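The chain below stands alone, shown as structure tokens; this is the form deposited in one PDB entry.
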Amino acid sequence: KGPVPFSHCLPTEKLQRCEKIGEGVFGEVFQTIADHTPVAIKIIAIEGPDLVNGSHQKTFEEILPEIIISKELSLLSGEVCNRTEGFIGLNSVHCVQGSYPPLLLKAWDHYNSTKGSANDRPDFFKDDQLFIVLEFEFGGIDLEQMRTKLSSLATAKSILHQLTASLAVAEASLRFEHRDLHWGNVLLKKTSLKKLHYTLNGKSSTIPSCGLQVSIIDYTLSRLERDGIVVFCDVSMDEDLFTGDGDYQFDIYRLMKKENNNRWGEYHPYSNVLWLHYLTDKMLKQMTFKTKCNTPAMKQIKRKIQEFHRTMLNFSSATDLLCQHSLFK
């Protein structure tokens, strides 16, 4: 009958176990336990007139595309013709109303002490504030936090292959573009699987895991088609999105705008190639590997990833990269 109280999504025990694990301008991400297993809870303030982390809160209408796309992408793990585990599972979505729970404030504070925060301490929300609460599968640790923790160049290659395959499957199934695949949005989790499986237009293939499962998250800017309807975030009048600096990330928003001539409902899967290029650049420039790069085999992978960086912009889509680029043969 409209929203629910926080206690509906976060009963005492689950709340007591919350720890903050990440953030953005959108809001806040906490980890807790459900059914003997970690879960990730994304909490987004909506519909309020107050500026939050420097931005207006989204309306439900502005948030709805992320909710829809989160649900669609969550289905790809079981779909027959086009299948991948390379996105993230969605457990539930709720509209919650209330002030921030004190335990979540203490968890926010703990994070701000240890890691620091770009957001405002969430102690100003009133009893009538609305939030969207998205409960996700716990996907591991983000690539930015792993920038000194990858084992080898083989791991780098595996991550790029996994990312490309995931995006290709979503392209084939949904005419998907991610549109904000910064390295905070690539999650790494240890797996005992040696080979990872995907199906692309009815053809199943595998990818050497190198011990990790990659999960792509955060569909705040994403675009896809579902039942002939294009679901997307229209950023045609956003100015600030295109005036960032200090990181190649901020160039990608401008490069996408160039590619699509500011028509965000159209399908331009080249944007996926652009994000993969930005990620390749991070691997080559902002990362150090536990085993360094000390053997002929590892040195050759590095040269191959460098060549990928220098050639991949001449491919039309994640699908084109997957199916045609030498790095993945």
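One-based numbering along the sequence shown.
Same protein, other form: the form solved in complex with a partner chain, not shown, and the subject of what follows.
Peer 1: 91-99, 73-81, 248-256, 189-197: which one contacts the partner chain in the deposited complex at 4.5 Å, heavy atom to heavy atom?
Peer 2: Selected stretch: 248-256.
Peer 1: If you check in the deposited complex, do 119, 185 and 241 all have a non-hydrogen atom within 4.5 Å of the partner chain?
Peer 2: Yes.
Peer 1: I'd like to know if residue 173 sits close to the partner chain in the deposited complex, meaning any non-hydrogen atom pair within 4.5 angstroms.
Peer 2: No, no contact at 4.5 Å.
Peer 1: Is there a non-hydrogen atom of residue 23 within 4.5 angstroms of a non-hydrogen atom of the partner chain in the deposited complex?
Peer 2: Heavy-atom contact with the partner chain at 4.5 Å: present for residue 23.
Peer 1: Give a yes or no for residue 129: in the deposited complex, does one of its heavy atoms lie within 4.5 Å of a heavy atom belonging to the partner chain?
Peer 2: Heavy-atom contact with the partner chain at 4.5 Å: absent for residue 129.
Peer 1: I'd like to check something about residue 85: if you look in the deposited complex, is any of its heavy atoms closer than or equal to 4.5 Å to a heavy atom of the partner chain?
Peer 2: No, residue 85 is distant from the partner.
Peer 1: 133, 221, 212, 156: which sits within 4.5 Å of the partner chain in the deposited complex by any heavy atom?
Peer 2: It is 221.
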